[PDB]
Amino acid sequence: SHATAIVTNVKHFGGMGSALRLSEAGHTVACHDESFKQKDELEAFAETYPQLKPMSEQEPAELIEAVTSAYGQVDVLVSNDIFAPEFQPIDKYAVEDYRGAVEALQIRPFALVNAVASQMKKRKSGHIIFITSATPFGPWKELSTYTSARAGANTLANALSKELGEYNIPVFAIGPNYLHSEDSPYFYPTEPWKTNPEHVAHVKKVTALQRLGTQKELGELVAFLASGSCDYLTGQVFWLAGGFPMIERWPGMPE
Amino acid sequence: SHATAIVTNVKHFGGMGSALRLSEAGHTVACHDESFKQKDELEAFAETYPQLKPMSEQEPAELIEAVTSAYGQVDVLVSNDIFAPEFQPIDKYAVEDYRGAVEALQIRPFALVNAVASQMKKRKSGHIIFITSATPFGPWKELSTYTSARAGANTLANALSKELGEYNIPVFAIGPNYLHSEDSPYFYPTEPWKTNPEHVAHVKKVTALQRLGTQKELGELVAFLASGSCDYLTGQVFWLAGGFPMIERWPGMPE
Amino acid sequence: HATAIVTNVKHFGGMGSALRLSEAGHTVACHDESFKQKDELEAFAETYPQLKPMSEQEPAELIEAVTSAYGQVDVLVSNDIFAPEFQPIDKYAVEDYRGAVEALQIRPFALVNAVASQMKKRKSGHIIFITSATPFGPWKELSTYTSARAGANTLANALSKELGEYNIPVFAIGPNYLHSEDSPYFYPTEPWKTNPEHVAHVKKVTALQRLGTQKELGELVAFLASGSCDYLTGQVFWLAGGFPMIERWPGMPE
Amino acid sequence: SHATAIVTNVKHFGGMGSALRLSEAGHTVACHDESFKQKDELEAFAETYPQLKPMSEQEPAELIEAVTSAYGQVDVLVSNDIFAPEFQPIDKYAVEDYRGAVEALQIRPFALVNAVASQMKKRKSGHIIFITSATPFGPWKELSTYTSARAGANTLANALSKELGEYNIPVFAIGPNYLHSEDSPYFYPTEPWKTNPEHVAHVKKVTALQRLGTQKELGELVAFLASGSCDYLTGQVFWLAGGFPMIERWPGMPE
Ligand SMILES: [Cl-]
Ligand SMILES: [Cl-]
Ligand SMILES: [Cl-]
Ligand SMILES: [Cl-]
Ligand SMILES: [Cl-]
Ligand code: NA
Ligand code: NA
Ligand code: NA
Ligand code: NA
């Protein structure tokens with residue numbers, strides 16, 4: 001009997017670090033991704049990553065039911081939520097641009113917890129992890145849609161911890177920034193963030209560790225939280241951003 | 001000339017405290033409310049509060065447009081947002097119950113700012129105030145929809161402050177709890193909160209001031225922020241909750 | 001006729017607090033290190049005939065002197081200052097942190113410790129600390145000053161929980177980029193309004209792209225001390241103009 | 001090659017969980033304690049815990065120097081700081097009661113980092129962990145000294161992360177509450193917190209997981225952070241408090 005995890009949007013953001021490290025820790029890892037609606041994309045992923053179990057199901061209720069049918073139960077949920085950040089002055093958005101952000105970044109993790117929480121509560125075990133964003137900690141101007149939706153997700157995780165603790169289910173939010181996402185455009189691909197001088201310099205300026213975060217670092221945190229080694233952190237919002245933000249110092253002070 | 005303010009949902013939550021004090025400060029206060037769809041309700045309100053200017057418009061763009069047409073411009077927006085709090089374990093909600101909360105508590109203030117920001121930015125003046133909630137500061141268990149949507153609104157306000165400051169527009173969020181709402185059910189009506197002993201005792205336990213907050217206190221803060229006397233607070237989330245939460249102390253320690 | 005105390009009145013948030021509290025009708029007893037000298041006290045008294053400078057320096061003696069002269073202390077504005085010294089952590093002396101915590105934590109604690117009994121007995125009073133917004137977004141190499149200010153913020157918030165039962169609100173106002181006119185604590189006119197590089201820095205790091213004014217600080221102090229919005233008790237106010245502005249990605253405009 | 005850790009006040013608070021788990025992870029763990037001034041107490045500890053290395057040094061600079069001399073360097077500092085919480089109304093404290101709290105809970109971790117940072121910066125490696133408190137997250141009334149000093153330490157850790165990241169040195173604060181401390185009075189000994197029904201009931205009410213945190217959970221987090229597996233969390237303040245605080249709900253709602 002292996003523990004079963006679900007990682008959503010596995011090709012993007014914190015998906016690969018989460019899935020790879022959870023598998024290394026002995027989980028069966030069912031993986032969701034928009035591309036897995038296509039048989040060829042699902043099978044290519046299954047061939048490259050024989051330790052992972054890509055699923056074709058897209059919608060929350062269908063995904064939870066399919067993983068429960070295939071593997072018995074869902075022990076760990078990693079809601080690795082993504083949406084394209086679009087920078088606009090507030091008056092240049094359409095209201096639908098905010099609705100799109102809240103559907104992808106708040107309603108979707110809510111729907112996944114809504115669909116899985118009953119089976120976890122009945123057996124009094126489970127772990128729920130949202131991958132959110134550190135942007136609420138220090139917003140950039142002109143990203144009001146994405147940034148506020150991510151904060152809704154952070155508070156959703158914290159609020160859920162208060163009710164699910166009675167059932168021995170920890171709930172966590174991991175909010176990254178400057179997390180290297182390799183080939184994925186969500187949100188710091190190798191090109192340009194490791195390849196272009198202006199981007200390399202920006203990352204050195206705005207993070208304390210002066211580098212991007214790695215998929216391994218994100219995955220190590222995900223597997224540590226899912227292990228049951230430190231459930232007493234339930235309710236935490238983790239800022240996985242390398243010491244971002246670095247705050248501009250007065251004139252004359254060095255870099 | 002007169003400064004013009006908009007107070008939404010004026011019959012509820014922080015509506016009357018805001019509208020009455022803004023009018024005392026010399027604003028023309030255009031008032032929105034769902035009941036003003038009915039001519040008899042609008043006219044009854046106008047007769048009781050002849051210093052206030054109730055509008056029939058319901059949707060955010062049409063409300064901004066109607067106030068702008070009637071009075072020239074909108075100087076102060078008070079987005080007094082409401083939604084009925086419904087307590088449920090996460091798995092007992094419908095997903096639509098979260099969508100309803102986000103629409104009412106996040107999308108609506110976004111849409112109002114989206115509709116009014118251009119006119120404020122063009123003249124480089126204006127004030128934006130969201131009435132949100134202090135529940136994200138200390139969530140109750142089983143209120144995950146309402147609580148997380150309110151946090152999204154708080155971050156929306158803070159994020160907007162970063163872009164609108166360049167146009168001399170402060171943005172504030174006032175997050176109440178235990179605010180006496182008189183005859184309004186949103187969220188602490190006189191009955192039961194001043195009349196039933198168990199409720200009086202609860203409020204004495206969980207607030208530092210051991211009382212409900214008053215509409216006058218809320219209105220004083222709204223008019224102070226709208227006055228242009230302290231624009232340098234832009235980006236603040238105010239916790240208007242009387243020292244809530246009081247945290248349960250160890251056995252043997254007194255009330 | 002309500003009585004206020006404003007400490008370190010020549011510096012930081014002192015003048016804005018004292019001037020606006022007097023405009024609101026308070027008798028404003030003013031403390032300052034320079035008032036140990038009669039000539040400096042009397043010059044201040046002549047320039048500001050609406051203010052009442054005191055010579056007393058230590059917390060117990062100051063509270064006692066104001067209570068004797070004016071009956072009671074209704075409003076305490078602990079306007080605390082210390083010179084920010086930037087060092088790598090290993091280049092400080094431990095005494096440099098001790099000095100910061102004495103000036104920025106122990107001192108407001110001692111003033112509340114000295115005045116709280118009289119406020120509690122009559123169930124009225126207002127306590128305001130002027131602290132700092134540096135904990136909200138620390139600069140590197142200011143660990144002493146920044147962490148002491150955070151201690152003061154939590155002290156205010158913790159005190160609100162016990163003093164609310166006695167109808168005494170407690171607030172912390174944490175500024176940054178507050179114009180301090182001729183005081184070096186912490187943004188004097190020269191260089192912050194006069195040197196182009198400093199003007200440009202303020203435009204970059206605040207959302208309102210300017211220093212905050214003494215009038216804005218004083219308006220908040222008088223508003224809180226008025227009893228018009230006691231239900232904010234426990235608040236830490238970030239009076240920093242939308243600071244911090246967070247550096248955006250390459251190619252995005254200023 | 002063996003990494004070297006220092007755990008202070010090892011007999012108390014998070015001392016044993018930290019030291020035991022770091023030793024299991026392969027660190028040489030030098031241990032400080034006030035009782036180690038006595039040769040008999042140091043030797044008794046060495047006999048019971050032969051995998052740990054108790055030191056007699058008491059003062060911060062002399063402790064760093066003694067561990068560096070004995071083992072070559074200090075790779076991990078765990079500043080496990082303690083002070084007896086004394087509840088008083090603000091006017092009943094002596095000012096010295098606050099000075100004692102700041103000296104023990106702020107000056108002491110500062111002094112330890114001040115003494116060790118140069119050797120870490122020179123080799124561009126090291127980890128700094130403060131064990132602080134979650135009391136600033138939700139203060140009890142009448143504990144203003146201890147609570148505010150702990151907040152100063154949390155900010156000290158966060159501020160230090162901004163400068164030490166350039167040297168590849170993460171800085172963390174772990175702020176517990178309701179951490180079972182076994183035989184130590186700091187701060188939740190087995191008697192009364194597992195033996196007396198009133199105390200057992202209090203813990204069930206005020207934490208989401210309805211139990212004390214374990215030394216194992218604390219030690220797992222300390223060893224995880226010190227492993228270099230997730231340096232990108234630098235600057236984090238961890239709330240290790242089981243979902244504390246639970247916020248009192250309205251009359252009529254169940255516990
Ligand atoms: Cl990221
Ligand atoms: Cl309310
Ligand atoms: Cl004196
Ligand atoms: Cl300042
Ligand atoms: Cl503890
Ligand atoms: Na399939
Ligand atoms: Na009409
Ligand atoms: Na004198
Ligand atoms: Na020795």
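Naming: A, B, ... by sequence-line order, numbering from 1 per chain. Atoms considered below: every heavy atom in the structure, side chains included; atoms not considered: hydrogens, waters and symmetry mates.
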Asker: Select all residues of residues 229-237 of chain A having any heavy atom within less than 4.5 Å of some heavy atom of chain D, and report them by number, or 'none'.
Answerer: A:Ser229, A:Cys230, A:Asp231, A:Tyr232, A:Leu233, A:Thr234, A:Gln236, A:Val237
Asker: Working to the nearest 0.5 angstrom, can you tell me the gap between A:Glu255 CD and D:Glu166 CD?
Answerer: 9.5 Å
Asker: Checking heavy atoms, do the side chain of A:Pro176, its backbone, both or neither come under 4.5 Å from chain D?
Answerer: neither
Asker: Measuring heavy-atom distances to chain D, does A:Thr207 have an atom under 4.5 Å in its side chain, in its backbone, in both, or in neither?
Answerer: side chain
Asker: Looking at A:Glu220, A:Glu163, A:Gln210, A:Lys216, which one has more heavy-atom pairs under 4.5 Å with chain D than the rest?
Answerer: A:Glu220
Asker: What are the two closest non-hydrogen atoms of A:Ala208 and D:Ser161, and how far apart are they?
Answerer: CB-O, 3.4 Å
Asker: Using heavy-atom distances under 4.5 Å, tell me whether A:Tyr178 contacts chain D through its side chain, its backbone, both, or neither.
Answerer: both
